[PDB]
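To start, the structure itself, in structure tokens.
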Protein chains: 2
Amino acid sequence: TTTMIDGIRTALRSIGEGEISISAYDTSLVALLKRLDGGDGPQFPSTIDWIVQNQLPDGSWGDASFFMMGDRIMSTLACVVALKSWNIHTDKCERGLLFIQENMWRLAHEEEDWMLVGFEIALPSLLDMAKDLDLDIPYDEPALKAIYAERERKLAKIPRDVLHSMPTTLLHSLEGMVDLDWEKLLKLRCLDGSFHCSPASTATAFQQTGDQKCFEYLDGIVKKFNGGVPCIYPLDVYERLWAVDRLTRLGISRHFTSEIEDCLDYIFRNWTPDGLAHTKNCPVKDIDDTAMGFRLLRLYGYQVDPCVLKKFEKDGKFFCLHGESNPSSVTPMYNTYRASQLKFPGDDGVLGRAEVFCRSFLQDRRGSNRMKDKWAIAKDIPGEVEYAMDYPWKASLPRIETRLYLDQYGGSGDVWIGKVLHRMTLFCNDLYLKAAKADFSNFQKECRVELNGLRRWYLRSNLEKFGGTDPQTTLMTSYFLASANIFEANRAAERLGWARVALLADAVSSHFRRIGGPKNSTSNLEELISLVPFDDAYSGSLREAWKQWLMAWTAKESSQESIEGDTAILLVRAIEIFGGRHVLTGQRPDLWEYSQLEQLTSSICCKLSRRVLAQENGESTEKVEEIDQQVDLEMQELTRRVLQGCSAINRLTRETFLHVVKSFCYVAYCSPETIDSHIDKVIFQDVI
Amino acid sequence: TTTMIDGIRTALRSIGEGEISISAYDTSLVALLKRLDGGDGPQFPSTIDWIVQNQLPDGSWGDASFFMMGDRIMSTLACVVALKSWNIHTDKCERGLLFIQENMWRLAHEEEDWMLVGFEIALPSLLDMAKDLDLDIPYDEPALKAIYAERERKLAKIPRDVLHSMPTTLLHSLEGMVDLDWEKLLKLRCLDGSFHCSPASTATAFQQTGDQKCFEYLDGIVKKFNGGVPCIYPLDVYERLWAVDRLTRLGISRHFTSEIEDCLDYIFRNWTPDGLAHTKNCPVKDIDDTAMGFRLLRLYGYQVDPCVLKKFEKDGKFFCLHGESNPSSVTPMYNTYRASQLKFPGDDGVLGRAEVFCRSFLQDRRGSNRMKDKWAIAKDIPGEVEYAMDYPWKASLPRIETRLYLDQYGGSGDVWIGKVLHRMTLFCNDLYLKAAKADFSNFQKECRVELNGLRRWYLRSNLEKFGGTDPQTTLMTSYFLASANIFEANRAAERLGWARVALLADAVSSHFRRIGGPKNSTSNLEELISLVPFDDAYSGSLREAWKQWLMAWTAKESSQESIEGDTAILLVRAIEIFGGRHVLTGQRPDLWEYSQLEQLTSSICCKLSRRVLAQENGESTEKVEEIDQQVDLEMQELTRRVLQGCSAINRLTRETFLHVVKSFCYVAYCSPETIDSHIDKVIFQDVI
């Protein structure tokens, strides 16, 4: 119903600097800082109160929806050391210490990459702080020795001055780091004095330098939460992109266009010639957010250039980090290859290079269980990434994608890896499922009835007097092609018109093939168009377009012409007439653009038709590859012409062309045994 | 000057039923008819007076510009028998009789086909009528015996009832015929009671049946000439077609458009589903007038169908007469093959059959002196028919044709064969030469100066910084291509614009080839367009079209695309902008037609470009023939789209496309060694 939509809208108008689950680990360090003015106790007890409030039934601390030793142990350690250092509420320390001691051994049995960032860097400092309290603690553990060895390895791996000159990710986790400067390192924080926007690093920093720039930041965050802090703040750009991405993939973006373009222009104003980070001011930038923003901004008529990607290339390779070549995960390259589809022909080839590198890197590991990310856990990655690597941009239909994603969006059941298991709900909410699924279900139920309506219409016209193989399957497929490009209820007019004239042209093409052609013509077929229920105004235009199509049928005879582009042009003209829209006065650029679009459509149709023709003759595949490249070029070109926010022509008028061409390419790029499958899944196979 | 034009216009508004040289032979028979009311003398003495007035210095009768025995003798015979039968002015009979007697022998030395119609049929009756007067006459002559033998041959060749039932040409010359009926033959005259619209046959007919329908006809003709009659009357359709044909070929038709379309709609109203004759009411119809009218009517947006030609086909042959298969002359098949060019693709193949039959029949006899007609004598047929058989419709430029015809139109120095040497001046006048030649000469002198203007412009721009082989010849050829499609002085704007942007695109294409392509791009060439002198309004549109062409240049790279259709589309757009015209509101049919034209142009350009490419590689000629057929089909189609008088779009907007495509085909269908020849002949080689 609507209430979900309205709540989501109002919550979406209220985009703050961030919405993430409040962490406890960092709060514990916040408690460790005393009162500034030589006070008697800690700086802020609100954190303390928050801590006492949320003692687990097993005394632990952390998200209950999951169970992770490496994180529970650190949360418990930080809490117990904080409260007992300040020597208060010792009973809770006792309550948790039993679980601590009895769980001390489970750590040796963890997963491969489920290893928190600097996890082996804080834990040493953790037990160090502990040995001042020095309770009963089995410090004796080979796991401790292993992480110690890795500590020494990475310490021998890191420089001193490059570390003191070049701002790197290590500044995110510097508290477990020692043996440092405070002036050469002083300037390597963010615009707000935060080091990598992480509160723990800055808190430990202020512990050794009273720069008010850190105090004001922390005070603001603790004064905006009143007990509790996250592990990273803020995440404006991150959530901004990641919400609109879902709302596009969830097929509900039809309603929130205003707020959508609001966050869009925000990102645009904050766009850099160098890349993007989770926040506006973080100097170090990564590739994944950059690519995602690139894709989304292009997809809405914003002029950007992709040579910014020339920073994440590594001399014939690509690595998500700028300066670090570590084995990347699936998601960054996934979004990269995705954004690598909408290439405009006037752009540098770095996009193509990244595309081929990415597809190579992905297809191999696809067959195995390599879909495990190092920094997030979702419901089902493999299916999504597989379909993505399967159905290119030119063969993508919106409804089938949203249907597939309806079982691949996890909602709340996800977690995000950081220094602690955190989760965001602003865009990982679950009411999104209710809204989208209700919408899709009613949409299905509407398509179901209009289907039978069209069925009885088609039977009334006795069109099978010159039918095909069987009218049922083909009429189903035809109406499905229309329904898949337009799902809004208020356009069933254009929907049914499309389907009807499609069936018509099919029938007459069949009849013409069966008799040989227009030399064997006998009947007045320019009246056959009347079989469509006509309005008062929509009559004459259609008959004119129909006679035009017939004249084309005449002229295309005796030659080696194809007969498809004619049909596509007829289709777009008719869809427009049914949409009841005109063009304006027609300054020369306007009709120039129009004719350009039409010529592109006709050419593409002829080309891929001939390709299919050769495909059926067992032709040598190299020819198929040649023709595929050929259609690809003008495909990209047409897309660029449709996606220009500077166009003088209307928008819907543009996307119509896309609808038709995508329909044709799709139906020309799959066996029916998949088409019917998709058909039943989207129509008859019901949700909820 | 203008006075010639105005006189020709006023004379052309006054189209009568016919304008032909007055004959004397038929007048003589008119004199032979007595007064109807049992009068004392002949019916009309005005003929007699006319006769006495025009006694030749040698007493003979006939056109002095020529000397033909077979006709002079018959004229003299008819005159002397008439005047002396009525026994008046005998001295003139004596004056002519000496030449008669001394010339009696020259007849045995005539030409092959220079044999008047029924010449051997009237002469027997002539000497028969003479032997009543029976003066000194050497009736003894072997030539008389030869024509007598042929008389008997043809008399044994002709039927009786078919002759009495089927109206045939013999009804034109029936006076030398005897042994006849007067009722079964009675109905075989024209609508006006005239037999084949010839006065002699009808006069001899009334001699044996006093049908007033003949008396009124003859009275009208003698009352409209007041002394003297032709050998055939009237010739409305004949002269109507034959004048506008010249005015089209003479390149002056620009001025008389009104009267032109007046006679056109006249012919249209009088158009039959069966064919045409010299006049409106003659039931027997021939092929030559039919084909000529067909061609001219189609060439002005009139919808006619050519199955009317299925009457003149003879089971795999064609013969000008319907029912008679006699060895045809050059002219009828010449005009037939000519009209056989503008074939619309939706038509029956009778046109193609006639085309191949005609070209076969013509090309052989071309090499010999077979250009002699049996019924007319012109200045130079061979050159004209040769050029026609050489340069097809798709390779025809108007100016070169009018220049060639300026030395192939004889004017008055021609004669027309009938029962007597007759001549028409309404369309064979000579002031037409003065007007056309003056026009062409001033046109030449204007082109000469604008040439130097463009020369100094092209030098000012230093365009040769990236030139070609040599700028002179190529710039000449380019400007020539423009000047040859537009000769009106008031369009030098479009002329120079065309030439300038042509030179531009040539230069940039050269530069792009020389550096490899747009990957090696260095300069901002979308500013290079500024080098043209721009107006206030014509600036922005051109820069837009130019950047469009550049984007095309970008997209067409790395593929097997051609780069010609882009240039042609740029050219037409620019010519239109310079012409300063828009399209209207743009109802869907309008822009539909527009885009159709543009797509056709692009396709044709690509195709013939690739053809030329293969041509230079010594490719197997069969491929060239295949590609030639391929371009031919869409060539015909495009022509049909341009020549539709039902179009919603403007006319000039249409013919522009034709101009461009014809330019391209022509330049792609001749060695330069002919191009430069034509160039000098039309520009530097001066008329008068």
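The residues of chain B that appear here are 80-767 by Swiss-Prot count, in order.
According to its header, this structure was worked out by electron microscopy, 3.5 Å.
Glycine is treated like the rest: Cβ placed from N, Cα and C.
Sequence-distant contacts of B:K453 (substrate binding site), defined by Cβ-Cβ distance under 8 angstroms and a gap of at least six in the same chain, are B:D192, B:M194, B:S408, B:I496. Under the heading substrate binding site, Swiss-Prot lists B:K233, B:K453, citing similarity to another entry as support.
In sequence order, B:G354, B:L355, B:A356, B:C399, B:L400, B:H401, B:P411 make up the list of same-chain residues 6 or more apart from B:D365 (Mg(2+) binding site) whose Cβ falls under 8 Å from its Cβ. Feature annotation from Swiss-Prot assigns Mg(2+) binding site to B:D365, B:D367; the stated evidence is similarity to another entry.
Per Swiss-Prot, motif 'DXDD motif' is recorded for B:365-368.
Other Cβ atoms within 10 Å of the Cβ of B:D367 (Mg(2+) binding site), summed over all protein chains shown, number 20. In this structure the C-alpha atoms belonging to B:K233 (substrate binding site) and B:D367 (Mg(2+) binding site) are separated by 25 Å. Under DSSP, B:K453 (substrate binding site) is assigned to coil, being neither helix nor strand in the three-state scheme. Taken through DSSP, the motif 'DXDD motif' (B:365-368) splits into 3 helix, 1 strand, 0 coil. Counting every protein chain shown, the number of other Cβ atoms lying within 10 Å of the Cβ of B:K233 (substrate binding site) is 13.
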